[PDB]
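Novice: Experimental coordinates for this protein are included below, preceded by the sequence.
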Amino acid sequence: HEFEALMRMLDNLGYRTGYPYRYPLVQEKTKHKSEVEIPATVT
Amino acid sequence: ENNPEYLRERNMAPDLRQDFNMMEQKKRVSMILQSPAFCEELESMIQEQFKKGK
Amino acid sequence: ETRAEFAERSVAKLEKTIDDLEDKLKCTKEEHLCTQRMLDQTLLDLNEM
Amino acid sequence: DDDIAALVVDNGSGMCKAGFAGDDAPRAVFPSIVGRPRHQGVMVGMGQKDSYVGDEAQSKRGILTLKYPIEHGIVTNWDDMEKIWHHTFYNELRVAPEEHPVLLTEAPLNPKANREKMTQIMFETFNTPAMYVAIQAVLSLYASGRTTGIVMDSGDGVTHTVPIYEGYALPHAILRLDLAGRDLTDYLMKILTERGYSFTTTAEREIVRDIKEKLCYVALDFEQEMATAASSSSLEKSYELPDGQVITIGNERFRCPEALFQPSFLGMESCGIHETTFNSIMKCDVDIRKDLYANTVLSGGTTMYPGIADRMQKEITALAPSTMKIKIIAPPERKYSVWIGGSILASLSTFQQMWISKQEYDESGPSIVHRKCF
Amino acid sequence: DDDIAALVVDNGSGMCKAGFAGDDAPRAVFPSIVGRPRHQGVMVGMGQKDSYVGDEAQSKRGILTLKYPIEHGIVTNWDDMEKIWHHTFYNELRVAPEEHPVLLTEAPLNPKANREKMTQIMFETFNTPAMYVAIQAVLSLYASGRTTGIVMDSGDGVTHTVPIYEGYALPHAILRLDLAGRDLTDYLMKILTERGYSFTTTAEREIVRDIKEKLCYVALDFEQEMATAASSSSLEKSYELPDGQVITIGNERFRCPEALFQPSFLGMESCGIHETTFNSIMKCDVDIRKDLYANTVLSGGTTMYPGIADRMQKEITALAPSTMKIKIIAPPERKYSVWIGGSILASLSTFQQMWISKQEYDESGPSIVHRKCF
Ligand SMILES: Nc1ncnc2c1ncn2[C@@H]1O[C@H](COP(=O)(O)OP(=O)(O)O)[C@@H](O)[C@H]1O
Ligand SMILES: Nc1ncnc2c1ncn2[C@@H]1O[C@H](COP(=O)(O)OP(=O)(O)O)[C@@H](O)[C@H]1O
């Protein structure tokens, strides 16, 4: 439990910690979408 | 064949002409204005940004 | 010029379909991740049940 | 509004674009150069002006000393800008400036006196009814259909990256970097002198710029590509000069744009563009990081090199945290997008409160633009 | 003599100099010219040859077409180059090249393949054990006694200014200008036509070069000196031709070298040498400019005009900021200084590690010189 919090905090600072998190942090409520978007990504 | 509409066309560089053709086909400005939700959303953005200004 | 026009329309449609398929891939990875972590948690628990 | 459309004039450092608001295409795009004759004219009756502006100047490259009024995004010759604006209003569009509003674009970080001088010039001489100043990088996101994302812009003047968060430009996280197309052209000369081809005058700089535009690409892996170019001659291509000579560019095609990613080639001690974008996102708060990695828009003239998109995606993936949503959104018309965003912004009905009246300027001097336009 | 001593060969466009390692003075200095007869020869049984090389070519100027093998610092006829090198090794020095190593000097910015050619015809034909190639202007700084400073070298073929910091040169700040003494000789021949005297063949160009070497100087102020020549006739000198005629050049004494500072006389776009070295300094970092102003060293044959140092110092002080101090360094033997630097470089014990071995060349082909020589 503790080690994930430490890895998450180092990720927030910016160290590229490769430790895989067992559960997601934030819910990430769906943002506000427009149809006239160019479709993303470079494929 | 003496009007200036002919004149600029042969004074166009070719790539600028072709970019005009492509973005003519593409019609970005018309789509942004025709979409209701994003249009009134950006209206709200600029309106209350102005309201925050003065 | 006409050939370029076909190719442009085909590009647009196909790249939108690429985005849809990639979103499906993302959903499938998170299904793996949930099942794999909970299987590993079951192994760690070592419960007869 | 209905009777008169606002003039959308984009003043790029290399090119100048102009058109009417609410229209899809700009009416006139021309180079922002001014040339003066360098040789004595002996033909009495053929007619020689004191100076040539725009496309007329670029037609007669051989007898002129081309000068750029905008240098590194900073105006260094204001009466020269008066000439380029006079040429834009009267010759290219054939419309009077006193009967229509005008829209001006600007770099995200410019001196206050520059804005004051633009406002004073636009009101005092041209006597325009209404004007407005917009940030160049903001309008690209409006043309993108977005209100939240990071905008990378690269023109002939300077390359800067900004974050935009529901139409708000964060002033602290805007980052600047002096890797423009002109420096790439100069490095193209510096690497072309190896093969044996020498270009030294300002006339040949346009030839070198055309070579850069037509025959360049970005390597996905530099180390593998140098070995590939050394092994075989399949990468070599030939270009045909205006005097009829034929040159073989060969190895240098993926060496010209590589100065963008590694600025140590040009002698600059700064970091690459990928590190600049990464640090720009790093300076913002945690909450908006997810929608900045998941939303990146490329814009500017320099960003149309083939293969820049995949290389940019890989280099920003290498610096991002693990299992991070990374995507690059590059429109095909990415270096006409600022004019498109300007016309879009001028098209709205709630935008008409942004206009600065002539009475307001006459009351409050040239310093009213900063209070009216934040 | 007991041990094999290296040969230091300085090879520019104008003259070739050759000497032994560690010596104070070069043994041979002679013009780099290859002449061929043009007139019909009817005198059977006496001395005729199909080609004349070296000082013998300039002795019999009246029956030859003089032809310089090196043009603008670039070798354009390799057979004449081999003939020059053969005459250097055997006629003048009279030592076989297979016993001793050789050291060559070359221009900073140049076509790549030239170095390869300088490799291939030196190991294959002359069978040297080892060689090395060094930049010409670094040796001037080594001979002056300084490890840090900016050096201008303006020979007969090309002008170049390089800044060197801590004895270790900066490639990005190297500036090269194609304006040298031969163009000054051509300009002097063109402006001597206006007085009535005409010079058209190759021997006349040699005579005009002698006139330039005898009677030229650089004015401290161009306008004041021109008005002074407009006032009186004290600025007139008489030169006696090999025919026996006497010419009075007068006003043209300070107009020929003035093309160095104002290249608009020749129609070239590039500006003078002083702002060239000013831009070379400005391309470097801010911290090192203080040492660069105080350590400016002049070198090359063209920099032996009287009054060049004062005019150069005045112009570069006008360009420099007022708080900075300017020091010009003009050695009295600057014309040979590069060769002197070579004699320093062939005497160092660490330099024994620098030599390109014959076995290494046989292993790696002619491309060994890029990786071995810096
Ligand atoms: N089709 C193209 N291919 C490659 N490079 C291009 C192309 N079009 C423009 N460029 C580069 O973009 C630069 C022009 O940038 P521009 O968009 O005018 O800058 P600004 O944003 O200041 O208007 C030119 O120097 C040119 O090198
Ligand atoms: N004393 C002098 N006064 C004026 N000009 C000179 C003098 N000596 C040499 N020059 C010019 O410099 C040229 C020789 O330059 P030099 O340094 O020998 O070239 P390099 O050594 O690079 O071959 C000559 O052609 C001549 O025009």
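Specialist: Arrived safely, thanks for sending. Numbers count the residues shown, from 1 in each chain, chains lettered A, B, ... in the order given. Ligands and ions are numbered 1, 2, ... in the order given.
Novice: drop to CA atoms for contacts and neighbour counts, all remaining ones
Specialist: Will do.
Novice: What is the neighbour count of the closest residue to residue D:331 other than its chain neighbours?
Specialist: Distances taken as CA to CA, 6 or more residues apart in numbering or on different chains place residue A:38 nearest to residue D:331, at 7.1 Å, with adjacent residues excluded. Residue crowding around residue A:38 was assessed by other CA atoms under 10 Å in any protein chain shown; the count is 17.
Novice: same question, residue D:298
Specialist: When counting by other CA under 10 Å, one arrives at 25 neighbours for residue D:298.
Novice: Which residues does it form beta bridges with?
Specialist: In this structure, residue D:298 has the following beta-bridge partners (DSSP bridges): residue D:152.
Novice: For the stretch 151-300 of chain D, which residues are neighbours of chain B?
Specialist: Taking CA under 8 Å from any CA of the partner chain as the criterion, the stretch 151-300 of chain D approaches chain B at residues D:166-167.
Novice: Within range of ligand 1, give me the residues from the stretch 151-300 of chain D.
Specialist: Counting by CA under 6 Å from any ligand atom, the residues of the stretch 151-300 of chain D close to ligand 1 are D:155-157, D:181-182, D:209, D:213, D:300.
Novice: What about those, which are in strands?
Specialist: Among these, the subset assigned to strands under DSSP state E consists of residue D:300.
Novice: Format the residues of the stretch 151-300 of chain D next to ligand 1 as JSON lines; extra columns: distance to residue D:64 and neighbour count.
Specialist: Below are these laid out as JSON lines (distance: CA to CA, whole Å; neighbours: other CA atoms under 10 Å in any protein chain shown):
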{"residue": "D:155", "distance to residue D:64": "24", "neighbour count": "23"}
{"residue": "D:156", "distance to residue D:64": "21", "neighbour count": "24"}
{"residue": "D:157", "distance to residue D:64": "22", "neighbour count": "21"}
{"residue": "D:181", "distance to residue D:64": "22", "neighbour count": "24"}
{"residue": "D:182", "distance to residue D:64": "19", "neighbour count": "18"}
{"residue": "D:209", "distance to residue D:64": "17", "neighbour count": "17"}
{"residue": "D:213", "distance to residue D:64": "23", "neighbour count": "16"}
{"residue": "D:300", "distance to residue D:64": "28", "neighbour count": "24"}
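Novice: what's the distance between the residue of chain C found nearest ligand 1 and residue D:24?
Specialist: Scanning chain C for the residue nearest ligand 1 gives residue C:4, at 16.3 Å (criterion: CA to the nearest ligand atom). Residue C:4 sits at a distance of 20 Å from residue D:24 (criterion: CA to CA, to the nearest Å).
Novice: neighbour-wise, which of the two wins?
Specialist: The residue with more neighbours, out of residue C:4 and residue D:24, is residue D:24; 21 against 10, by other CA under 10 Å.
Novice: Look at the residue lying closest to the more buried one once chain neighbours are set aside and give its secondary structure.
Specialist: Here the nearest residue to residue D:24 in space, its sequence neighbours aside, is residue B:29; by CA to CA, 6+ apart that works out to 5.6 Å. The local conformation at residue B:29, judged by DSSP: H, G, I helix; E, B strand; the rest coil, is helix.
Novice: unless I'm mixing things up, residue B:29 is touching residue D:340, no?
Specialist: Yes: between residue B:29 and residue D:340 a contact is recorded at 6.5 Å, counting by CA atoms under 8 Å.
Novice: overlap in contacts of these two?
Specialist: Both residue B:29 and residue D:340 are contacted by D:24, D:143, under the criterion CA atoms under 8 Å, 6 or more residues apart in numbering or on different chains.
Novice: and the two? which has more neighbours close in?
Specialist: More neighbours sit around residue D:340 than around the other of residue B:29 and residue D:340, counting by other CA under 10 Å; the figures are 30 against 22.
Novice: moving C-terminal of the helix or strand containing the more buried one, what's the next helix or strand?
Specialist: When secondary structure is defined by DSSP states H and E, residue D:340 falls within helix D:337-347. Once the chain leaves helix D:337-347, the next helix or strand it forms, by DSSP H and E, is helix D:358-364.
Novice: Other residues contacting that next one?
Specialist: Contact partners of helix D:358-364, identified using CA under 8 Å, 6+ apart, comprise D:123, D:128-130, D:368.
Novice: can you pull the buried residues of it?
Specialist: Neighbour-count burial for helix D:358-364, with 16 or more other CA atoms under 10 Å in any protein chain shown as criterion, is recorded at residue D:361.
Novice: Repeat that for stretch D:327-344.
Specialist: By neighbour count, and taking 16+ other CA under 10 Å as the criterion, the buried residues in stretch D:327-344 are D:327-331, D:333-344.
Novice: Same question for stretch B:15-30.
Specialist: Of the residues in stretch B:15-30, those buried by neighbour count under the rule 16+ other CA under 10 Å are B:20, B:22-23, B:26, B:28-29.
Novice: measure the most centrally placed residue in chain D to chain C for me?
Specialist: To find the centre residue of chain D, average its C-alpha atoms and take the closest one (CA atoms, centre = their mean): that gives residue D:155, at 3.0 Å. Remark: distance between residue D:155 and chain C (CA to the nearest CA, to the nearest Å) = 26 Å.
Novice: for stretch A:21-30, the distance to its chain's centre please.
Specialist: 7 Å (CA atoms, centre = their mean, to the nearest Å).
Novice: anything in that stretch near chain C?
Specialist: Yes: under the criterion of CA under 8 Å from any CA, chain C is reached by stretch A:21-30 at residue A:22.
Novice: about what we covered before: run through the neighbouring helices and strands of the helix holding residue D:340.
Specialist: The criterion is 3 or more CA pairs under 8 Å, 6 or more residues apart in numbering or on different chains; DSSP states H and E, and the helices and strands that helix D:337-347 contacts are helix B:28-34, strand D:7-11, strand D:15-20, strand D:102-106, helix D:136-143.
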